[PDB]
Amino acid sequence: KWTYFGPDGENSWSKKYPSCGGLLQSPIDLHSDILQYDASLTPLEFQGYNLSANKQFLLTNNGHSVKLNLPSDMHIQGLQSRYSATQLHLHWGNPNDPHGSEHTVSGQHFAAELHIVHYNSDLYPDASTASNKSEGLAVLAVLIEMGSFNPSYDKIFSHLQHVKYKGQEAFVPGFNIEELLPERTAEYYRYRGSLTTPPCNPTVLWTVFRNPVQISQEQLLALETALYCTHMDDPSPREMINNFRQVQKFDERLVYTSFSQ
(Lines of atoms letter the chains of each structure in order from A and count residues from 1; the text may use other names and numbers.)
(Lines give C-alpha, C1' and ligand atoms only; values in the text may rest on other atoms or scores of the structure.)
Protein backbone atom coordinates (compact mmCIF):
# COMPACT_ATOMS: atom_id res chain seq x y z
CA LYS A 1 0.00 0.00 0.00
CA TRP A 2 1.10 3.63 -0.24
CA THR A 3 2.68 5.70 2.52
CA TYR A 4 4.12 9.12 3.09
CA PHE A 5 7.62 7.85 3.99
CA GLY A 6 10.18 5.29 2.88
CA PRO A 7 9.90 2.99 -0.12
CA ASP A 8 6.20 3.42 -0.71
CA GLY A 9 6.35 7.23 -0.27
CA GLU A 10 5.03 9.83 -2.60
CA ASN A 11 7.81 9.69 -5.27
CA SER A 12 6.74 6.10 -5.84
CA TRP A 13 2.90 6.55 -5.93
CA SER A 14 2.90 6.86 -9.71
CA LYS A 15 4.12 3.25 -10.07
CA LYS A 16 0.80 1.84 -8.84
CA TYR A 17 -1.29 5.01 -9.34
CA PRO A 18 -0.47 6.52 -12.67
CA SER A 19 -2.49 9.70 -12.17
CA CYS A 20 -0.05 10.71 -9.42
CA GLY A 21 2.35 11.47 -12.24
CA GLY A 22 -0.15 13.13 -14.54
CA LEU A 23 -1.84 16.48 -14.94
CA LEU A 24 -3.54 18.84 -12.50
CA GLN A 25 -1.78 17.55 -9.39
CA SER A 26 -2.39 19.01 -5.95
CA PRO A 27 -1.43 20.40 -3.50
CA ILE A 28 0.21 23.64 -4.72
CA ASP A 29 1.82 26.82 -3.43
CA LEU A 30 -0.64 29.71 -3.47
CA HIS A 31 1.45 32.79 -4.16
CA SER A 32 0.72 36.30 -5.41
CA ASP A 33 2.03 35.86 -9.00
CA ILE A 34 -0.53 33.21 -9.85
CA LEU A 35 -3.55 34.68 -8.02
CA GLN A 36 -6.31 36.36 -10.00
CA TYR A 37 -9.46 37.93 -8.55
CA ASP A 38 -12.58 36.51 -10.13
CA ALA A 39 -15.72 38.45 -9.21
CA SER A 40 -17.77 35.27 -10.23
CA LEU A 41 -16.62 33.50 -7.07
CA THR A 42 -19.59 34.01 -4.80
CA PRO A 43 -20.05 32.59 -1.31
CA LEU A 44 -20.70 28.89 -0.95
CA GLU A 45 -23.64 27.80 1.06
CA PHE A 46 -23.13 24.96 3.55
CA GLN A 47 -26.35 22.95 3.76
CA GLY A 48 -27.02 20.17 6.19
CA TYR A 49 -23.75 20.86 8.04
CA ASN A 50 -25.55 21.01 11.35
CA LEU A 51 -25.48 17.23 11.92
CA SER A 52 -28.15 15.80 14.14
CA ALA A 53 -26.85 15.50 17.77
CA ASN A 54 -29.14 12.42 17.77
CA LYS A 55 -27.08 10.68 15.07
CA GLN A 56 -23.51 9.20 15.35
CA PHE A 57 -20.91 9.41 12.65
CA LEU A 58 -18.16 6.87 12.09
CA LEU A 59 -14.55 8.04 12.87
CA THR A 60 -11.87 5.77 11.41
CA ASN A 61 -8.08 5.56 11.48
CA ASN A 62 -7.41 4.28 7.98
CA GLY A 63 -3.60 4.18 8.38
CA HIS A 64 -3.24 7.44 6.29
CA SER A 65 -5.28 9.94 8.34
CA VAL A 66 -8.16 10.13 10.71
CA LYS A 67 -11.49 10.35 8.77
CA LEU A 68 -15.02 11.19 9.85
CA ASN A 69 -17.78 9.81 7.62
CA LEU A 70 -20.41 12.45 6.69
CA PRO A 71 -23.97 12.00 5.49
CA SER A 72 -24.99 12.62 1.92
CA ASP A 73 -27.70 15.15 2.83
CA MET A 74 -24.84 17.43 3.87
CA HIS A 75 -23.81 19.40 0.78
CA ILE A 76 -22.41 22.50 -0.81
CA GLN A 77 -24.72 24.74 -2.75
CA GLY A 78 -23.24 27.28 -5.24
CA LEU A 79 -21.19 25.06 -7.59
CA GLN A 80 -22.27 23.75 -11.04
CA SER A 81 -23.60 20.62 -9.52
CA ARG A 82 -24.63 19.74 -6.00
CA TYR A 83 -21.64 18.31 -4.20
CA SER A 84 -22.61 16.08 -1.25
CA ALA A 85 -20.32 15.38 1.64
CA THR A 86 -18.68 12.04 2.07
CA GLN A 87 -15.91 12.51 4.72
CA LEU A 88 -13.51 14.82 6.39
CA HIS A 89 -9.94 14.23 7.44
CA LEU A 90 -6.72 16.00 8.30
CA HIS A 91 -3.00 16.32 7.35
CA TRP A 92 -0.30 17.38 9.77
CA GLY A 93 3.46 17.43 10.40
CA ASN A 94 5.22 16.40 13.62
CA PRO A 95 6.20 18.01 16.88
CA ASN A 96 9.76 18.72 15.69
CA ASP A 97 8.53 20.42 12.52
CA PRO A 98 4.85 21.30 13.13
CA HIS A 99 4.17 22.55 9.58
CA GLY A 100 2.20 19.86 7.84
CA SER A 101 -0.48 21.58 5.75
CA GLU A 102 -0.64 20.41 2.15
CA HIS A 103 -1.25 23.77 0.47
CA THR A 104 1.27 26.50 1.20
CA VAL A 105 0.73 30.27 1.02
CA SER A 106 3.71 32.28 -0.34
CA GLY A 107 5.88 29.23 0.28
CA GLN A 108 4.76 28.80 3.89
CA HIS A 109 3.07 25.79 5.45
CA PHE A 110 0.45 25.99 8.09
CA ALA A 111 0.48 23.63 11.01
CA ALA A 112 -2.18 21.32 9.56
CA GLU A 113 -5.01 21.20 7.07
CA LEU A 114 -8.59 19.92 7.25
CA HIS A 115 -10.25 18.55 4.06
CA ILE A 116 -14.04 18.13 3.78
CA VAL A 117 -14.50 15.89 0.73
CA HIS A 118 -17.73 16.13 -1.34
CA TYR A 119 -18.74 14.33 -4.53
CA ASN A 120 -20.95 15.22 -7.44
CA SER A 121 -24.17 13.58 -6.36
CA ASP A 122 -26.10 14.88 -9.33
CA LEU A 123 -23.90 12.68 -11.57
CA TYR A 124 -22.76 9.77 -9.33
CA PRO A 125 -24.22 7.59 -6.60
CA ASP A 126 -21.31 7.85 -4.20
CA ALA A 127 -17.88 9.23 -3.77
CA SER A 128 -15.97 6.10 -4.78
CA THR A 129 -17.76 6.09 -8.16
CA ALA A 130 -17.26 9.84 -8.58
CA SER A 131 -13.62 9.98 -7.61
CA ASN A 132 -12.20 8.97 -10.96
CA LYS A 133 -14.79 10.78 -13.04
CA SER A 134 -15.12 14.15 -14.68
CA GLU A 135 -16.09 16.89 -12.17
CA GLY A 136 -16.37 14.16 -9.57
CA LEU A 137 -15.20 15.84 -6.42
CA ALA A 138 -15.07 19.13 -4.51
CA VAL A 139 -12.88 19.52 -1.46
CA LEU A 140 -12.97 22.36 1.09
CA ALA A 141 -9.61 23.01 2.69
CA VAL A 142 -9.14 24.82 5.99
CA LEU A 143 -5.65 25.86 6.97
CA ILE A 144 -4.88 25.33 10.68
CA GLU A 145 -2.39 27.27 12.80
CA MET A 146 -1.50 27.21 16.47
CA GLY A 147 -3.34 29.75 18.69
CA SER A 148 -6.30 29.67 20.97
CA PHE A 149 -8.06 26.48 22.05
CA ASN A 150 -10.81 25.46 19.63
CA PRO A 151 -13.80 23.79 21.26
CA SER A 152 -15.22 22.74 17.87
CA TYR A 153 -12.14 20.90 16.73
CA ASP A 154 -12.12 19.22 20.10
CA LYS A 155 -15.46 17.59 19.14
CA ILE A 156 -13.31 15.43 16.85
CA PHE A 157 -9.98 15.42 18.73
CA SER A 158 -11.55 14.16 22.02
CA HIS A 159 -12.22 10.86 20.20
CA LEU A 160 -8.71 10.30 18.83
CA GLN A 161 -7.93 8.10 21.77
CA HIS A 162 -10.39 5.53 20.42
CA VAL A 163 -8.91 5.44 16.94
CA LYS A 164 -5.23 5.15 17.90
CA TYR A 165 -4.35 2.28 15.48
CA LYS A 166 -5.04 1.47 11.93
CA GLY A 167 -8.49 -0.05 11.38
CA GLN A 168 -9.92 1.22 14.66
CA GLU A 169 -13.32 2.99 14.55
CA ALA A 170 -15.34 5.14 16.99
CA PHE A 171 -18.56 7.11 16.82
CA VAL A 172 -18.83 10.91 17.05
CA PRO A 173 -22.19 12.48 17.87
CA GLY A 174 -23.31 14.97 15.34
CA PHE A 175 -22.25 18.54 15.64
CA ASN A 176 -22.23 21.59 13.36
CA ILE A 177 -19.38 20.95 10.90
CA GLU A 178 -19.61 24.59 9.89
CA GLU A 179 -17.88 25.35 13.24
CA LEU A 180 -14.70 23.91 11.72
CA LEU A 181 -14.66 26.59 9.04
CA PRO A 182 -12.78 29.85 9.43
CA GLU A 183 -13.89 33.41 9.48
CA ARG A 184 -15.14 34.97 6.28
CA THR A 185 -15.58 31.82 4.33
CA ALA A 186 -16.52 34.20 1.49
CA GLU A 187 -12.76 34.65 0.97
CA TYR A 188 -11.18 31.63 -0.73
CA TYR A 189 -8.78 30.37 -3.38
CA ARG A 190 -10.22 28.14 -6.14
CA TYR A 191 -8.53 25.94 -8.69
CA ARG A 192 -8.93 22.63 -10.47
CA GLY A 193 -6.66 19.95 -9.15
CA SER A 194 -6.40 16.42 -7.89
CA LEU A 195 -6.76 14.18 -4.90
CA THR A 196 -3.57 14.74 -2.89
CA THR A 197 -3.56 11.02 -2.05
CA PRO A 198 -3.50 7.91 -4.35
CA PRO A 199 -5.00 7.46 -6.82
CA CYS A 200 -4.42 11.25 -7.32
CA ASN A 201 -7.25 11.59 -9.83
CA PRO A 202 -7.37 15.08 -11.40
CA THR A 203 -11.03 15.30 -10.51
CA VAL A 204 -11.09 17.82 -7.62
CA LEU A 205 -12.48 21.35 -7.55
CA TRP A 206 -10.46 22.91 -4.69
CA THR A 207 -11.66 25.63 -2.47
CA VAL A 208 -9.01 26.67 0.06
CA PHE A 209 -10.33 29.24 2.57
CA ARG A 210 -8.17 32.36 2.79
CA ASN A 211 -8.22 32.60 6.59
CA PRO A 212 -6.86 29.92 8.87
CA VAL A 213 -8.46 28.54 12.05
CA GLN A 214 -6.67 28.14 15.35
CA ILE A 215 -6.21 25.28 17.64
CA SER A 216 -4.15 25.20 20.79
CA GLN A 217 -0.61 24.02 21.24
CA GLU A 218 -2.00 21.07 23.16
CA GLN A 219 -4.55 20.25 20.49
CA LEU A 220 -1.96 20.32 17.78
CA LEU A 221 0.40 18.17 19.77
CA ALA A 222 -2.50 15.77 20.48
CA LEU A 223 -3.26 15.42 16.72
CA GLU A 224 0.45 14.92 15.96
CA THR A 225 1.03 12.30 18.62
CA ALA A 226 -2.33 10.42 19.02
CA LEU A 227 -2.29 8.12 16.06
CA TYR A 228 -0.36 5.33 14.54
CA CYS A 229 -0.39 4.24 10.99
CA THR A 230 0.17 0.59 11.93
CA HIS A 231 -2.29 -2.03 13.31
CA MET A 232 -2.28 -2.47 17.08
CA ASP A 233 -0.45 -5.79 17.02
CA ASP A 234 2.23 -4.75 14.53
CA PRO A 235 5.57 -5.52 16.12
CA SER A 236 7.09 -2.40 14.38
CA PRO A 237 4.72 0.50 15.25
CA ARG A 238 4.88 3.72 13.30
CA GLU A 239 3.53 7.06 14.35
CA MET A 240 1.15 8.80 11.92
CA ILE A 241 3.06 12.01 11.29
CA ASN A 242 4.00 14.09 8.23
CA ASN A 243 0.96 12.77 6.34
CA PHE A 244 0.98 15.54 3.68
CA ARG A 245 2.08 15.52 0.04
CA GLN A 246 4.79 17.91 -1.12
CA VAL A 247 3.63 20.77 -3.32
CA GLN A 248 3.45 20.04 -7.03
CA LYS A 249 4.66 22.16 -9.98
CA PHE A 250 1.90 24.51 -11.22
CA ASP A 251 2.99 26.42 -14.32
CA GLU A 252 1.05 28.63 -16.73
CA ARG A 253 -2.05 28.28 -14.56
CA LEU A 254 -3.92 30.55 -12.21
CA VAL A 255 -5.55 30.22 -8.91
CA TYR A 256 -8.69 32.31 -8.75
CA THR A 257 -9.54 34.30 -5.65
CA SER A 258 -12.91 35.48 -4.39
CA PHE A 259 -11.18 38.41 -2.73
CA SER A 260 -9.01 41.09 -4.13
CA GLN A 261 -8.52 42.78 -0.74
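In this text, rigid core is short for the largest set of C-alphas that superpose within 1.5 Å between two forms. Start at 1 and count along the sequence shown; that's the residue number.
Superposition on the core shows that, in 9 other deposited structures of this protein, the C-alpha atoms drift more in one of 203-211 and 53-61; this is 53-61. Of the two stretches examined, 205-213 and 42-50, the record assigns the greater average C-alpha temperature factor to 42-50. For the pair 189-197 and 56-64, the record assigns the higher mean C-alpha temperature factor to 56-64. Per the PDB record, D126 has a higher Cα B-factor than any other of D126, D97, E113, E179. The PDB entry assigns its highest CA temperature factor, among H103, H91, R184, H118, to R184. Split the chain's modelled residues into thirds by C-alpha temperature factor. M232 is in the highest one. The PDB entry assigns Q108 a C-alpha temperature factor belonging to the lowest third of its chain's modelled residues. When the modelled residues of the chain are ordered by their C-alpha B factor, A170 lands in the highest third. When the modelled residues of the chain are ordered by C-alpha B-factor, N150 sits in the middle third. Placement of the Cα temperature factor of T225 within the chain: middle third of the modelled residues, per the deposited record.
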